Every structure is written in structure tokens, then in C-alpha cells.
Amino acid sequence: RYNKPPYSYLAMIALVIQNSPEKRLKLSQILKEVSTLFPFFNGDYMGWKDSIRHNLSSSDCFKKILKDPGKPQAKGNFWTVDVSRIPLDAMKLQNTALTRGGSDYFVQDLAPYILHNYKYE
């Protein structure tokens, strides 16, 4: 357990994918857009990059984009979230000891910004 923002990785990835131009994003583009939106990874640790890559494959919300039907074994494909399938309790703010008080720092729920067309600060 390392210092990460109190939002599930699923909601973090789902946000940057919807906030993107064509609602598709490559792994690297997901990595840097997540890092700047939730600026709590600019330190020494690096394993959070794996956790995101692992979350994309291990969730049925995220699907790949087929570049070439002749090479379906290709990598670097853009990922697309399918918002309707995101459990509503996965977007709420994570109950940790960091959010015992002073919670006014972070929003309570990312559903408006993910599936309701609102702007995240």
C-alpha cells in the first residue's frame, strides 16, 4: 500500500478515457493523463504503472480497439471504457485513514464526471 489518490484505478482509467478526444487511449497515454489528473505519483514509486496496466486487462469495462483484422495479435491498441458496466460503488471515494477528515480536498463520487458530462477541477 503506497500513497495513491483515494479512487479505484478503474474509476481513474475510466475518467481519462472519457475525457479523451475520441474516447480511446493507448496505455502510455492513459499513464501520463492519469498521473497529471491525480498528481500524487510524481515521487519515487513506479509500481502504480503496473497496477493500471493490470487493471485494464482484469476488468470487463475496458475493451481493445482492433487496428488490423489481419493482425489481431498486435499491441499498442487503444482502450475504450463501456461506462454502462462500471459498478456505481467503484467510483465513490475510497474509505481510507487518509480520508478520515478533511475530505473536502477530494470529491465524493466520480460518476458525474464519468457518465454525466460534468467538469472535474
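The first residue of the shown sequence is 1; numbering continues from there.
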>> If you average the CA temperature factors as listed in the entry, which stretch comes out higher, 86-94 or 42-50?
In response: 42-50
> For the stretches 55-63 and 70-78, which has the higher mean C-alpha B-factor as given in the deposited record?
Replying inline: 70-78
> Once the chain's modelled residues are ordered by C-alpha B factor and cut into thirds, is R100 in the lowest, middle or highest one?
Replying inline: highest
> Can you tell me which third, lowest, middle or highest, the CA B-factor of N117 falls into for its chain?
Replying inline: middle
